[PDB]
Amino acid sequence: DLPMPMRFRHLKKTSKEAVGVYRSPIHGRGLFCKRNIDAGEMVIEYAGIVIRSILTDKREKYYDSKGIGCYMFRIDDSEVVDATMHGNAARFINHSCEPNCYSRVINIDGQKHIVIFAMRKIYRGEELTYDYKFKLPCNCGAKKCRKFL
């Protein structure tokens, strides 16, 4: 509808009104919508620090040794977004084999941002989920479940 940079500019204030973090029956805590989200709507940024992929093993190791949950989003084989210290509510988005959301790497004014889009209209109360990029069982509960993450 509106160009990608024109759609990114409006998020921080609107995401606070559109989504919340609560207990999820899929796993631990999840992201849920507080009001209906239109199909194609830019929901929230997966906020954090873009770091080199080779650095993730040691960073995860450091966080695990401190008893701090490690929240990372895989961009590609070379970069990852570390949402552990400088993240937002998007770090709680669970995986699903019938997602209602999808992740995209956008580039606004030279800077890379991971944004979450709604692929269908999402209704008040629904949990927001995306198909994770990647031995680990899946609890999304969908009919067409891949049964592993």
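Residue indices: 1-based, along the sequence shown.
- Modelled in this chain, residue 134 is nonetheless absent from a third or more of the other compared entries whose models extend past it on both sides.
- The entry models residue 134 and residue 135 with a gap of 4 to 9 deposited residues left without coordinates.
- Averaged over their C-alpha atoms, the temperature factors of 15-23 and 137-145 are higher for 137-145.
- Between 28-36 and 53-61, it is 53-61 that carries the larger average Cα temperature factor according to the deposited entry.
- When the C-alpha B-factors of 97, 89, 101, 70 are read from the PDB record, the largest value belongs to 97.
- When the modelled residues of the chain are ordered by C-alpha B-factor, residue 43 sits in the middle third.
- Ranked against the other modelled residues of its chain, the C-alpha B-factor of residue 81 as given in the entry falls in the lowest third.
- When all modelled residues of the chain are sorted by CA temperature factor, residue 93 is found within the lowest third.
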